[PDB]
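Below you will find one chain, with nothing else, as structure tokens; this is the form deposited without the DNA, and questions on how it binds or moves follow later.
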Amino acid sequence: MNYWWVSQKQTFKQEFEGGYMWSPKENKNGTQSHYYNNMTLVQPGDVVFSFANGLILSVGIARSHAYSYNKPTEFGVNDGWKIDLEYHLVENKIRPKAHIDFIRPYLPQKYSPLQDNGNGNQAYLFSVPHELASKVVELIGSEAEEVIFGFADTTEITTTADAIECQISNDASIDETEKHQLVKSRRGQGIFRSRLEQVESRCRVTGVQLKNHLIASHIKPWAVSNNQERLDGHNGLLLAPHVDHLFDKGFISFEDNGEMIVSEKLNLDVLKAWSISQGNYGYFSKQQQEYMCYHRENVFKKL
């Protein structure tokens, strides 16, 4: 996932209401533009800071790649790049110049969105390097974190998995039954679900046994699992939907002997609100532990 900083000093109102970003494709003199070319580098899931009227008004999430589209009609008045941007207004609408002594050390030598004095540069879309991105996020506060962790940063993972499902569904060589089972297993259906039900009986965390209230979740994700692992009843848990949400995204994981592990970026208010207690949720078998190790080391959100 990449971060971008978009300077909309004079266009924000219109771009926010329409849920987009727009720029020309090239310079007036016909040459390639580093800054316009930034638009073609944006991927769904990427985080975009809206900088307008001196303020960061939104921490947004890109929902498209750049697509060719007509310049927006403005009242009283050639195709450019459009990006669908899912705006998220933040309560803490900050002015970056005020924190420049803290920010300056982490500004890039070239293509910086801010000058060394704290004033903005005059391009439209800047890349924000990852160290700097975290500093901006620090200043906005936890609401920027709400946009990112387990939200914006899940999108690229879903994109990758969507493409793996496409590779399988369109594979003209793979056995038809195998195709169906691998695809259905992604959403906890098919032989994977039946096999899991012979290993697990209930949601570890909430105790619910009712099959219509449980999600068949993989431990090692479906996307990175090989075909055996995708259909292995030992590579799963039956979880209540809110617990599936926390586990799938790596807000929680488990020790081999059952203790729930919590990510640094899980807000503890959530667990309080849903009456999920910390503690031990039972031994995992040796076969399950193989997968849970993978989850701890690759899915669980750990800086």
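Numbers for residues come from their place in the sequence shown, where the first is 1. Throughout, rigid core stands for the largest set of C-alpha atoms superposing within 1.5 Å between the two forms.
According to the PDB entry, the deposited sequence contains 4 to 9 residues between residue 77 and residue 78 that lack coordinates. Averaged over Cα atoms, the B-factor as recorded in the entry is higher for 33-41 than for the other of 247-255 and 33-41. The stretch with the higher mean CA B factor, choosing between 109-117 and 221-229, is 109-117. The top Cα temperature factor in the record, among 169, 92, 201, 154, falls on 92. Looking only at 85, 215, 205, 140, the residue with the top Cα B factor in the deposited structure is 140. Among all modelled residues in this chain, the alpha-carbon of residue 65 has a temperature factor (C-alpha) in the middle third. The PDB entry assigns residue 16 a C-alpha temperature factor belonging to the highest third of its chain's modelled residues. Sort the modelled residues of the chain by CA B factor and residue 235 lands in the lowest third.
Residue 295 sits in the lowest third of its chain by CA B factor, as recorded in the PDB entry. Annotation for residue 242: CA B-factor lies in the lowest third of the chain's modelled residues.
Same protein, other form: the form solved in complex with the DNA, not shown, and the subject of what follows.
Within this chain, residue 241 is remote from the site of the DNA in the deposited bound form, having no heavy atom within 4.5 Å. The DNA in the deposited bound form comes within 4.5 Å of a heavy atom belonging to residue 29. Although the partner is absent here, residue 51 lies within 4.5 Å of the DNA in the deposited bound form, judged by heavy atoms. Residue contact check for residue 15: one or more of its heavy atoms lie within 4.5 Å of the DNA in the deposited bound form. The contact residue chosen from 115, 189, 158, 177 relative to the DNA in the deposited bound form is 115, the criterion being a non-hydrogen atom within 4.5 angstroms. For the candidate set 124, 149, 87, 106, a heavy atom within 4.5 Å of the DNA in the deposited bound form is found for exactly one residue, namely 124. Only one segment in the set 262-270, 34-42, 62-70, 245-253 has any non-hydrogen atom within 4.5 angstroms of the DNA in the deposited bound form, and it is 34-42. With the core held fixed by superposition, the comparison between the shown form and the other one singles out 173 as the only member of 228, 198, 173, 212 whose CA moves by at least 2 angstroms.
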